[PDB]
Every structure is written in structure tokens, then in C-alpha cells.
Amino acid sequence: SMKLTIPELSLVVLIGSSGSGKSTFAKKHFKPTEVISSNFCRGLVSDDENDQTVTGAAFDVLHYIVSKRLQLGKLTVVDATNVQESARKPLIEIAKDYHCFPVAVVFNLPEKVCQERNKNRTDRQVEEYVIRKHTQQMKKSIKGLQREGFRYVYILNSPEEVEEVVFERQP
């Protein structure tokens, strides 16, 4: 059992490479409206979830949605890679503005697992160098997450640990 305790008013930031299973995990554990996805936001602004050139607009939209949810006291899960500190920073700031608890859930999986999953995907794929970079960035990020402002930091170190997760929401 991998029990992850979170407050009812949480901003849950998923941290993981492309192919690490973030979207699958979010669908398993949360309501669809609780999950806001950066790729979905690329689709909202451009019709194309794969379009990297609309990244700025997509994240502007994602951040705006997060802010409205937290204003209204609604638990929110950010489904994006979040492997760069510069990506996490504005999310921590929004949580701070609305007195919300930021939670980090890190998919600390071997690069090989993510590359294999990516190779077999039919929906969307990235190049191998992208997953190599994401995995390196994820690993470098782990130590400093608490200091960034994550009040709960949960690291999942294998697919077996990921599969075992159950969230306990505390009111």
C-alpha cells in the first residue's frame, strides 16, 4: 500500500517525463474536471495537442483555469511534465495566492520504461532525446521540491509503487 494523504484543498502537481504515465494516473485517481492538462490546453487554443509553438498560450490558459478553481476552493491536478523549476514556480505562486496546499507527485521511473511506452504509443509520441532530457530534469528536481514550497512531496520509485497508490483526502 502506497497511501498518499492530501488535503481537500490541494494543488496536485504531477512531475514526470513524457511516457511516465501522468495522464493515466490522473484519470485513475481524480475526477475529469479536477484534472487540467497542458496538452489539452494546446488543443484548446490551436486544435493541435502536439503543437509546441503554442506552448505560451496553452500555459496561460492552464494557469488561468487553475486560478479560477483555487479561487473557488476546488482540488486541482496539473497534468503536465513539470520537470523544470520555471514551470513549477508559477503554480506554487497561484496556490500561495489562494491559500492552497501544493502537493508534488513525482514519477521517478527509469528512462527505459518511458522510452518503451513512448515507442508503443499510437496517440502521440515524442523524440527519444526529449524523454532523456525529461528524465534527467525530473531526477535533478527531486531534492529541492520541499524548499520550492511543496508541502507534501511524494516520490514514486517504480511502476509497482505507482500501481499501489491510493489517495486519502483529508477534510
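One rule holds for the numbers: they count along the sequence shown, beginning at 1.
For the pair 122-130 and 44-52, the mean Cα B-factor is higher in 122-130. With 90-98 and 74-82 compared on mean CA B-factor from the PDB entry, the stretch scoring higher is 90-98. For the set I65, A26, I142, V113, the PDB entry assigns the largest Cα B-factor to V113. Split the chain's modelled residues into thirds by C-alpha temperature factor. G16 is in the lowest one.
Residue-level temperature factors show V106 in the lowest third of its chain, judged at the C-alpha atom. When the modelled residues of the chain are ordered by their C-alpha B factor, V153 lands in the lowest third.
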